[PDB]
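Starting off, we have a lone chain in the form deposited in one PDB entry, written out as structure tokens.
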């Protein structure tokens, strides 16, 4: 029986942001969302989020996650800038006064923390019958972390905060994770005893370690060797460094599952993205949101896809796209812009300097060059000529165009919506299509060529003129 408290009440002033700190994102989720996903997997009996600074902007998102995760998540409000020890006191208020389960506490800015680490914490805590178990780790740069203070017999005595540590204490590289399990009675007693004699004048939760030690209570540290799992974020530098570590691990899981990632350092992959076996991802690529890539694809370089579905054997190169689907064996790129609602069929092709928006494009159809396709349905095995525009917009309103199958439209055709081009139709180079075109018809509008001989000697005497001569 366990209640988990997430301390998320701090203003995060060190972030220098108007967006609440625990709402900043890495790998496609907020820090608070990462932490709550980890805890929901653990499935504790109670789950309490302590909010404070900006709680009105954050509490609605907690409600949304609770629904997403199918569990209730209680919010307790902290109403004074009085420290993490006070944040826990506020969290305990959302429990019955006679609650008797363990109390696990973690901060909302420890975004890599995982269900396995929390399960091991609770198991260790129960096993040693501790009044408090604290997670620690050891770091090359421990700046801003509480330092773990140990006796000669290597027994934990205290945690001293960065701003309160002597210069020698600062050299201590073993740090507090700020993740703990508590016997609830011992915890309640130690919190009433905290005072604020420290550089912040706050009630530090970390002081409960020395308080419990002094009461002859069992105090256990558990060393997490994989430091990233308990690393915190107090500023944008730390955020980007954990985002990078998280990203290296996401990429590694895909590489172990059969995805060639040429350059993990420049390949950003959000946590929900799936990628099929033998896909190759080239450098400078970000796969974001709920993107799904099939097997044997080629993606990148310099591609960004957000919520894009790509089938098997497709290539998607130097492409910026969102909310779109690319069928099996399709070729997209290089230099292609996909806007929401784009659906390209299997074996289709969207080539260089092409943009598509809210259009359906059939099996085997190709739009290879310098073209805008907006609000259009195109059939199968058609070919749209270079430098064409689906003119959806008449200055005030937008309309659909329908192009059939096996069509071959000429370069520099304008399709002035609404118009329909029937199956197997053609248009000439340079055509402005304003009326329906029957199946098997050729539609044209360009006037005839006239050559004006010796124009250049007459109007440009000197340069093309010489050489004409």
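Each form is matched to the other, and the largest set of C-alpha atoms that superpose within 1.5 Å is called the rigid core. Positions refer to the first chain, counted from 1.
What comes next is about the form deposited in another entry, which does not appear here.
Have a look at 195, 129, 168, 72 and give me the residue whose C-alpha moves 2 Å or more between this form and the one not shown, with the fit done on the rigid core. Comparing the C-alpha positions, the one residue that moves 2 Å or more is 168.
Using a superposition on the rigid core, decide whether the Cα position of residue 27 changes by 2 angstroms or more between this form and the one not shown. It does not reach a 2 Å shift.
Residue 55 C-alpha relocation of at least 2 Å between this form and the one not shown, rigid core basis: Superposed on the core, residue 55 moves its C-alpha 2 Å or more between this form and the one not shown.
Look at the CA atoms of residue 206 and residue 55: state whether they lie closer or farther apart in that other deposited form than in this form, given a difference of 3 Å or more. Those two alpha carbons end up farther apart in that other deposited form.
In that other deposited form, the Cα separation between residue 60 and residue 269 changes by 3 Å or more relative to the shown form; did it shrink or grow? Compared with the shown chain, residue 60-residue 269 is closer in that other deposited form.
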